[PDB]
2 protein chains.
Amino acid sequence: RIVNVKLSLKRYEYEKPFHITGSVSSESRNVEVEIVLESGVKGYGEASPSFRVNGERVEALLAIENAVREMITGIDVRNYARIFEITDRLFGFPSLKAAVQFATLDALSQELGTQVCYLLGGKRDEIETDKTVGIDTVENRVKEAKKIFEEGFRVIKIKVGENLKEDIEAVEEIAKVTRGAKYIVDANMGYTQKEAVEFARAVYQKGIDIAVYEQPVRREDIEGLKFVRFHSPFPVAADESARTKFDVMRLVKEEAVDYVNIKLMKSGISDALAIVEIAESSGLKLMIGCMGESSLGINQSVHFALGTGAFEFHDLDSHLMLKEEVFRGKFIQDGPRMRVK
Amino acid sequence: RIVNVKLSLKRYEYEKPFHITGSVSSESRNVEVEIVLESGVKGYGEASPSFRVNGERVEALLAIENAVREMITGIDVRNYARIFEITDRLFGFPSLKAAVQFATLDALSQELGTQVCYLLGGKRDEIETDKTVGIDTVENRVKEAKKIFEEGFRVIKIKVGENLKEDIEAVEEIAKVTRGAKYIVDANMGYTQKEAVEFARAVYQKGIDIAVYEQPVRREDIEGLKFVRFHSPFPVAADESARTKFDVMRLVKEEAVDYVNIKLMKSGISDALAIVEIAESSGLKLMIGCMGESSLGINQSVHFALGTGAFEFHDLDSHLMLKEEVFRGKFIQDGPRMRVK
Ligand SMILES: [Mg+2]
Ligand SMILES: [Mg+2]
């Protein structure tokens, strides 16, 4: 049984300001969650809130600690589905819902003498993550891409969305100096339907291939996502448009996207498991991403990816661009690779 | 890791012939599955094949024992997702796929020191099953219904499909002597779309309410299922039309049914989990059924039901119609109630 639930503010500074369409941050403010069982076992999770995507504010998450304690204290973690149903009511605090649910499995796995990934199926022993190139001058972008490549990463994520002409130029220049790497382009809702299509065609015409083209249009523009999917050569993904399992069922029914970028910070463990199943029962493919998690937080996604083995691509690099005193994940980080202990 | 797998034929005779639309059985010939782990732990499962529903034949199942052994031995049950993916290739032997996948969870849970229901969420501690009234003269049906009612069952499943007029009379007569009970009507594909509608309207006009109206039309008639749903007052369920997670995605997309009767013998654990997630992500509701499982076989569905807690109704009574010396389920059977140990 759970006897205590602790929420605490943890700040992590980025080695350099991270710039994406309509957003710039140089710090990551998360909420660490610790669940304590009567047996003494302690499970840990981390919420990396997003005002832009989930409408959350870190001050608001911290303010509801007492409410969270009242919601699940006294419940046995072996009845984790009950804890999941209850925490699903925190749909307005997605990142916290995610942290609490993972900390629950973390505690439960310890009690069963195993790990979260195995509890989830233990499908894979290793996964590889890409690394992101934020928005900057074409020169700086090429410089960072070149450095990431030298670091061993074979999948480079490129942010775009604020300047179509320069975005195209940037992607073309990056491709030159990183031959052999796969590319994921993320526009974070910055383009109109037509611009998005133009972007993809321009790049395509230069012989460049994009493995995944992330959320090119606004979140409510489901038809726009479909339009881009049906009128451009690269696989299109929903990110901001895919937060819950209901959003995904709708995206599938509408045949709007080739991919859904799952993020525990958007869906929590409960909806993420539903999305995995929905994708495996349809033509949908998945990738897993992150917000601003530290190593403790990314640990949640690593165990989820390793356990379900449901992703074609993994974008779990937020902890790689953060100055963090010490590693706190329950996994092994070896360059672009992440493995089970 | 699994060091061996054994398949064994096991027969159970019914107290009386069980008559459903286009089928009469006097015995249940199942295949018991035993998995042996290097640790010495042994997991058990039971396959109750269906020629009519799955196209399976008990002799064919026993014939591929060596193939199954070669498929899973050498795999650690903690990597059960790998076992699930491999056994998914046995789509032509669904009942066997189910037995093996459950035996896997049965072995894993023992190793972890818990039960299968908790592994799946531990959502509920108790569930209630209905009891079925097979096709017979109206007189015998009424007699059996009253007996089932006196035994404490409050959800009575009634088989119909071969004689519309008599079927209506049978339900009307059963309702009169079982005031307080809910009814599930199963036509096992015996009616045309229009007869299915007329059956429901007639029962409705007499003031009788049907909780679930199971598979009124032929299995390939998806539009027929939808037609009955949109033109009849009771919730319509797909059984024979819903075998895989892909069948269910299609049923949802087409809004063909209100319910899906999940059977491990049709879907196995893997697809059943996917179906539960699809239902919770949509307007679909679920019930869980059985084929001809003995107590060891029903145990599989009891743990799935208790753990996920995803079902509105439970039709797990096949073991109550069989003659069996020793109870072999890992659950407590108290009248219509089934509880975790
Ligand atoms: Mg994204
Ligand atoms: Mg049925």
# chains A, B, ... in the order shown; residues from 1 in each chain; ligands from 1
>>> select_by_dssp(residues="segment 138-320 of chain B", states="strand (DSSP E)", output="VMD selection string")
chain B and resid 155 to 159 182 to 186 210 to 214 236 to 238 259 to 262 285 to 288 313 to 314
>>> closest_atom_pairs(of="chain B", to="chain A", cutoff="10 Å", atoms="only C-alpha atoms", output="Markdown table")
| residue | atom | partner | partner_atom | distance |
| --- | --- | --- | --- | --- |
| B:76 | CA | A:122 | CA | 9.4 |
| B:77 | CA | A:121 | CA | 8.9 |
| B:78 | CA | A:118 | CA | 5.6 |
| B:79 | CA | A:122 | CA | 4.3 |
| B:80 | CA | A:121 | CA | 5.3 |
| B:81 | CA | A:121 | CA | 4.4 |
| B:82 | CA | A:123 | CA | 5.6 |
| B:83 | CA | A:123 | CA | 9.0 |
| B:84 | CA | A:121 | CA | 9.0 |
| B:85 | CA | A:123 | CA | 9.2 |
| B:108 | CA | A:119 | CA | 10.0 |
| B:109 | CA | A:112 | CA | 9.1 |
| B:111 | CA | A:112 | CA | 8.9 |
| B:112 | CA | A:112 | CA | 5.2 |
| B:113 | CA | A:112 | CA | 6.6 |
| B:114 | CA | A:112 | CA | 7.8 |
| B:115 | CA | A:78 | CA | 9.8 |
| B:117 | CA | A:79 | CA | 9.2 |
| B:118 | CA | A:78 | CA | 5.7 |
| B:119 | CA | A:78 | CA | 7.6 |
| B:120 | CA | A:81 | CA | 8.0 |
| B:121 | CA | A:81 | CA | 4.5 |
| B:122 | CA | A:79 | CA | 4.3 |
| B:123 | CA | A:81 | CA | 5.2 |
| B:124 | CA | A:79 | CA | 8.1 |
| B:125 | CA | A:79 | CA | 9.5 |
| B:244 | CA | A:281 | CA | 8.9 |
| B:245 | CA | A:281 | CA | 5.7 |
| B:246 | CA | A:281 | CA | 5.4 |
| B:247 | CA | A:281 | CA | 8.9 |
| B:248 | CA | A:281 | CA | 8.6 |
| B:249 | CA | A:281 | CA | 6.8 |
| B:250 | CA | A:282 | CA | 9.3 |
| B:252 | CA | A:253 | CA | 9.1 |
| B:253 | CA | A:253 | CA | 6.3 |
| B:254 | CA | A:253 | CA | 9.5 |
| B:270 | CA | A:277 | CA | 9.5 |
| B:271 | CA | A:281 | CA | 8.6 |
| B:273 | CA | A:277 | CA | 7.8 |
| B:274 | CA | A:277 | CA | 4.9 |
| B:275 | CA | A:277 | CA | 8.1 |
| B:276 | CA | A:274 | CA | 8.6 |
| B:277 | CA | A:274 | CA | 4.9 |
| B:278 | CA | A:278 | CA | 6.2 |
| B:279 | CA | A:274 | CA | 9.5 |
| B:280 | CA | A:274 | CA | 8.1 |
| B:281 | CA | A:246 | CA | 5.4 |
| B:282 | CA | A:246 | CA | 7.0 |
| B:307 | CA | A:81 | CA | 8.0 |
| B:308 | CA | A:81 | CA | 7.4 |
| B:309 | CA | A:81 | CA | 8.7 |
>>> write_last_selection(atoms="C-alpha atoms", output="PDB file, in the first residue's frame")
ATOM      1  CA  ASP B  76      12.502 -16.053 -20.907  1.00  0.00           C
ATOM      2  CA  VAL B  77       8.906 -15.557 -19.766  1.00  0.00           C
ATOM      3  CA  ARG B  78       9.827 -12.075 -18.568  1.00  0.00           C
ATOM      4  CA  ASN B  79      10.147 -11.225 -22.258  1.00  0.00           C
ATOM      5  CA  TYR B  80       6.565 -12.438 -22.708  1.00  0.00           C
ATOM      6  CA  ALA B  81       5.898  -9.870 -25.445  1.00  0.00           C
ATOM      7  CA  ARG B  82       8.284 -11.863 -27.642  1.00  0.00           C
ATOM      8  CA  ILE B  83       6.338 -15.029 -26.892  1.00  0.00           C
ATOM      9  CA  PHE B  84       3.111 -13.181 -27.735  1.00  0.00           C
ATOM     10  CA  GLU B  85       4.461 -11.983 -31.082  1.00  0.00           C
ATOM     11  CA  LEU B 108       5.760 -15.587 -15.045  1.00  0.00           C
ATOM     12  CA  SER B 109       3.372 -14.606 -12.248  1.00  0.00           C
ATOM     13  CA  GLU B 111       8.122 -16.475 -10.650  1.00  0.00           C
ATOM     14  CA  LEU B 112       7.230 -12.912  -9.652  1.00  0.00           C
ATOM     15  CA  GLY B 113       5.280 -14.082  -6.613  1.00  0.00           C
ATOM     16  CA  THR B 114       1.841 -12.889  -7.696  1.00  0.00           C
ATOM     17  CA  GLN B 115      -1.184 -13.974  -9.776  1.00  0.00           C
ATOM     18  CA  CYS B 117      -4.980 -11.005 -12.508  1.00  0.00           C
ATOM     19  CA  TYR B 118      -2.590  -8.671 -10.654  1.00  0.00           C
ATOM     20  CA  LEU B 119      -0.136  -8.799 -13.519  1.00  0.00           C
ATOM     21  CA  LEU B 120      -2.974  -7.489 -15.700  1.00  0.00           C
ATOM     22  CA  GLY B 121      -3.962  -4.659 -13.359  1.00  0.00           C
ATOM     23  CA  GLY B 122      -5.792  -6.181 -10.404  1.00  0.00           C
ATOM     24  CA  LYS B 123      -8.773  -4.009 -11.294  1.00  0.00           C
ATOM     25  CA  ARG B 124     -11.440  -6.171  -9.601  1.00  0.00           C
ATOM     26  CA  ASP B 125     -11.652  -8.714  -6.785  1.00  0.00           C
ATOM     27  CA  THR B 244      -9.048 -10.503 -33.977  1.00  0.00           C
ATOM     28  CA  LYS B 245      -8.041  -7.003 -32.961  1.00  0.00           C
ATOM     29  CA  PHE B 246      -8.292  -6.112 -36.660  1.00  0.00           C
ATOM     30  CA  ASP B 247     -11.900  -7.308 -36.827  1.00  0.00           C
ATOM     31  CA  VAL B 248     -12.700  -5.057 -33.883  1.00  0.00           C
ATOM     32  CA  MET B 249     -11.026  -1.976 -35.368  1.00  0.00           C
ATOM     33  CA  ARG B 250     -13.220  -2.496 -38.438  1.00  0.00           C
ATOM     34  CA  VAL B 252     -15.681   0.293 -34.513  1.00  0.00           C
ATOM     35  CA  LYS B 253     -14.884   2.197 -37.719  1.00  0.00           C
ATOM     36  CA  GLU B 254     -18.174   0.995 -39.185  1.00  0.00           C
ATOM     37  CA  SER B 270      -2.454 -10.546 -27.139  1.00  0.00           C
ATOM     38  CA  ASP B 271      -5.453  -9.600 -29.284  1.00  0.00           C
ATOM     39  CA  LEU B 273      -5.600  -6.918 -24.607  1.00  0.00           C
ATOM     40  CA  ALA B 274      -5.677  -4.873 -27.804  1.00  0.00           C
ATOM     41  CA  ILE B 275      -9.480  -5.221 -27.989  1.00  0.00           C
ATOM     42  CA  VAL B 276      -9.883  -4.031 -24.380  1.00  0.00           C
ATOM     43  CA  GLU B 277      -7.795  -0.933 -25.201  1.00  0.00           C
ATOM     44  CA  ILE B 278      -9.748  -0.297 -28.406  1.00  0.00           C
ATOM     45  CA  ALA B 279     -13.038  -0.535 -26.490  1.00  0.00           C
ATOM     46  CA  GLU B 280     -11.878   1.844 -23.756  1.00  0.00           C
ATOM     47  CA  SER B 281     -10.816   4.306 -26.447  1.00  0.00           C
ATOM     48  CA  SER B 282     -14.242   4.230 -28.094  1.00  0.00           C
ATOM     49  CA  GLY B 307      -7.331  -8.087 -13.811  1.00  0.00           C
ATOM     50  CA  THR B 308      -8.585  -5.784 -16.575  1.00  0.00           C
ATOM     51  CA  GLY B 309     -12.053  -5.318 -15.084  1.00  0.00           C
TER      52      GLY B 309
END
>>> residues_near_ligand(ligand="ligand 1", cutoff="8 Å", atoms="only C-alpha atoms and all ligand atoms", output="PDB file with N, CA, C and O atoms, in the first residue's frame")
ATOM      1  N   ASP A 186      10.726  18.350 -37.666  1.00  0.00           N
ATOM      2  CA  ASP A 186       9.625  18.738 -36.789  1.00  0.00           C
ATOM      3  C   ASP A 186       9.311  20.224 -36.944  1.00  0.00           C
ATOM      4  O   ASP A 186      10.130  21.077 -36.601  1.00  0.00           O
ATOM      5  N   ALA A 187       8.119  20.530 -37.449  1.00  0.00           N
ATOM      6  CA  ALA A 187       7.718  21.918 -37.667  1.00  0.00           C
ATOM      7  C   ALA A 187       6.932  22.535 -36.520  1.00  0.00           C
ATOM      8  O   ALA A 187       6.621  23.721 -36.551  1.00  0.00           O
ATOM      9  N   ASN A 188       6.602  21.730 -35.516  1.00  0.00           N
ATOM     10  CA  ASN A 188       5.829  22.198 -34.367  1.00  0.00           C
ATOM     11  C   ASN A 188       4.694  23.154 -34.734  1.00  0.00           C
ATOM     12  O   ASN A 188       4.610  24.268 -34.210  1.00  0.00           O
ATOM     13  N   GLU A 214       7.108  15.605 -38.610  1.00  0.00           N
ATOM     14  CA  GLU A 214       6.272  15.905 -37.452  1.00  0.00           C
ATOM     15  C   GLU A 214       5.397  17.149 -37.444  1.00  0.00           C
ATOM     16  O   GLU A 214       5.857  18.252 -37.744  1.00  0.00           O
ATOM     17  N   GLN A 215       4.146  16.941 -37.033  1.00  0.00           N
ATOM     18  CA  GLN A 215       3.125  17.980 -36.894  1.00  0.00           C
ATOM     19  C   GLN A 215       3.410  19.269 -37.664  1.00  0.00           C
ATOM     20  O   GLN A 215       3.797  20.281 -37.075  1.00  0.00           O
ATOM     21  N   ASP A 239       1.715  15.077 -33.365  1.00  0.00           N
ATOM     22  CA  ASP A 239       2.378  15.191 -32.072  1.00  0.00           C
ATOM     23  C   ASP A 239       1.390  15.955 -31.207  1.00  0.00           C
ATOM     24  O   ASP A 239       0.637  15.358 -30.430  1.00  0.00           O
ATOM     25  N   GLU A 240       1.370  17.277 -31.365  1.00  0.00           N
ATOM     26  CA  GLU A 240       0.451  18.099 -30.596  1.00  0.00           C
ATOM     27  C   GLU A 240      -1.003  17.680 -30.805  1.00  0.00           C
ATOM     28  O   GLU A 240      -1.816  17.832 -29.903  1.00  0.00           O
ATOM     29  N   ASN A 261       3.419  10.497 -32.618  1.00  0.00           N
ATOM     30  CA  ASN A 261       4.560  10.626 -31.735  1.00  0.00           C
ATOM     31  C   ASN A 261       3.997  10.561 -30.314  1.00  0.00           C
ATOM     32  O   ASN A 261       3.449  11.548 -29.810  1.00  0.00           O
ATOM     33  N   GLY A 289       8.503  10.294 -28.051  1.00  0.00           N
ATOM     34  CA  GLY A 289       9.261  11.516 -27.845  1.00  0.00           C
ATOM     35  C   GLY A 289       9.328  11.953 -26.397  1.00  0.00           C
ATOM     36  O   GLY A 289       9.022  11.176 -25.489  1.00  0.00           O
TER      37      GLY A 289
END
>>> residues_near_ligand(ligand="ligand 2", cutoff="12 Å", atoms="only C-alpha atoms and all ligand atoms", output="ChimeraX atom specification")
/B:20-21,52-53,132,134,157-161,184-190,212-217,219,236-243,259-263,266,287-292,314-316
>>> closest_residue(among="B:198, B:255, B:166, B:136", to="residue 226 of chain B", atoms="only C-alpha atoms")
B:255
>>> residues_around(residues="residue 321 of chain B", least_positions_apart="4", cutoff="9 Å", atoms="only C-alpha atoms", output="MDAnalysis selection string")
chainID B and resid 13:16 18 294 317
>>> write_last_selection(atoms="N, CA and C atoms", output="JSON list (two decimals), in the first residue's frame")
[["chain", "number", "residue", "atom", "x", "y", "z"],
["B", 13, "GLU", "N", -17.17, -34.65, -20.42],
["B", 13, "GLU", "CA", -18.52, -34.91, -20.91],
["B", 13, "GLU", "C", -19.50, -33.95, -20.27],
["B", 14, "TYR", "N", -20.50, -33.53, -21.04],
["B", 14, "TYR", "CA", -21.52, -32.62, -20.53],
["B", 14, "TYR", "C", -22.60, -33.41, -19.81],
["B", 15, "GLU", "N", -23.30, -32.76, -18.88],
["B", 15, "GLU", "CA", -24.38, -33.43, -18.16],
["B", 15, "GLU", "C", -25.50, -33.74, -19.15],
["B", 16, "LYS", "N", -25.64, -32.86, -20.15],
["B", 16, "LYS", "CA", -26.65, -33.01, -21.20],
["B", 16, "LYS", "C", -26.16, -32.36, -22.48],
["B", 18, "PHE", "N", -25.49, -30.00, -25.45],
["B", 18, "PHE", "CA", -25.63, -28.55, -25.52],
["B", 18, "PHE", "C", -25.98, -28.18, -26.96],
["B", 294, "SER", "N", -12.76, -26.17, -19.52],
["B", 294, "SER", "CA", -13.01, -26.87, -18.27],
["B", 294, "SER", "C", -12.55, -25.84, -17.23],
["B", 317, "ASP", "N", -19.34, -19.98, -18.10],
["B", 317, "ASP", "CA", -20.06, -21.08, -17.47],
["B", 317, "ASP", "C", -19.80, -22.46, -18.09]]
>>> select_by_dssp(residues="segment 204-246 of chain A", states="alpha helix (DSSP H)", output="PyMOL selection string")
chain A and resi 204-205+222-231+245-246
>>> atom_distance(atom1="atom CA of residue 54 of chain A", atom2="atom CA of residue 89 of chain A")
14.5 Å
>>> atom_distance(atom1="atom CA of residue 300 of chain B", atom2="atom CA of residue 102 of chain B")
6.6 Å
>>> atom_distance(atom1="atom CA of residue 94 of chain B", atom2="atom CA of residue 45 of chain B")
12.8 Å
>>> residues_around(residues="residue 95 of chain B", least_positions_apart="3", cutoff="8 Å", atoms="only C-alpha atoms", output="list in words")
residues 46, 47, 48, 49, 50, 98, 99, 264, 265, 266, 267 and 268 of chain B
>>> write_last_selection(atoms="N, CA, C and O atoms", output="short mmCIF file (atom, residue, chain, number, x, y, z; two decimals), in the first residue's frame")
data_model
loop_
_atom_site.label_atom_id
_atom_site.label_comp_id
_atom_site.auth_asym_id
_atom_site.auth_seq_id
_atom_site.Cartn_x
_atom_site.Cartn_y
_atom_site.Cartn_z
N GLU B 46 -5.21 -23.96 -21.29
CA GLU B 46 -6.10 -24.92 -21.92
C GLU B 46 -6.68 -24.36 -23.21
O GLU B 46 -7.15 -23.21 -23.25
N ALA B 47 -6.63 -25.16 -24.26
CA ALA B 47 -7.16 -24.77 -25.55
C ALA B 47 -8.44 -25.55 -25.77
O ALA B 47 -8.46 -26.77 -25.66
N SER B 48 -9.51 -24.83 -26.05
CA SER B 48 -10.80 -25.44 -26.33
C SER B 48 -11.10 -24.94 -27.74
O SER B 48 -11.69 -23.89 -27.93
N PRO B 49 -10.66 -25.70 -28.76
CA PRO B 49 -10.86 -25.35 -30.17
C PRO B 49 -12.30 -25.36 -30.65
O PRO B 49 -13.15 -26.04 -30.08
N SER B 50 -12.54 -24.61 -31.72
CA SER B 50 -13.86 -24.54 -32.32
C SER B 50 -13.72 -24.68 -33.83
O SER B 50 -13.05 -23.87 -34.47
N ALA B 98 -3.94 -18.99 -27.40
CA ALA B 98 -4.43 -18.53 -26.11
C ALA B 98 -3.83 -19.35 -24.97
O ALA B 98 -3.31 -18.79 -24.01
N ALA B 99 -3.91 -20.67 -25.07
CA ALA B 99 -3.39 -21.54 -24.03
C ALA B 99 -1.91 -21.28 -23.74
O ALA B 99 -1.50 -21.20 -22.58
N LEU B 264 -10.95 -15.59 -25.29
CA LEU B 264 -9.53 -15.85 -25.42
C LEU B 264 -9.31 -16.91 -26.50
O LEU B 264 -8.34 -16.86 -27.24
N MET B 265 -10.25 -17.85 -26.59
CA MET B 265 -10.15 -18.92 -27.58
C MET B 265 -10.20 -18.40 -29.03
O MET B 265 -9.86 -19.13 -29.96
N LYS B 266 -10.62 -17.15 -29.22
CA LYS B 266 -10.66 -16.60 -30.56
C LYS B 266 -9.50 -15.65 -30.78
O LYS B 266 -8.91 -15.61 -31.86
N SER B 267 -9.19 -14.88 -29.75
CA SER B 267 -8.17 -13.85 -29.85
C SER B 267 -6.82 -14.12 -29.21
O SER B 267 -5.81 -13.58 -29.64
N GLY B 268 -6.81 -14.96 -28.18
CA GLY B 268 -5.58 -15.20 -27.46
C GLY B 268 -5.47 -13.99 -26.52
O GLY B 268 -6.30 -13.08 -26.59
#
>>> residues_around(residues="residue 338 of chain A", least_positions_apart="5", cutoff="6 Å", atoms="only C-alpha atoms", output="list in words")
residues 126, 127, 332 and 333 of chain A
>>> closest_residue(among="A:17, A:233, A:43, A:92", to="residue 61 of chain A", atoms="only C-alpha atoms")
A:92
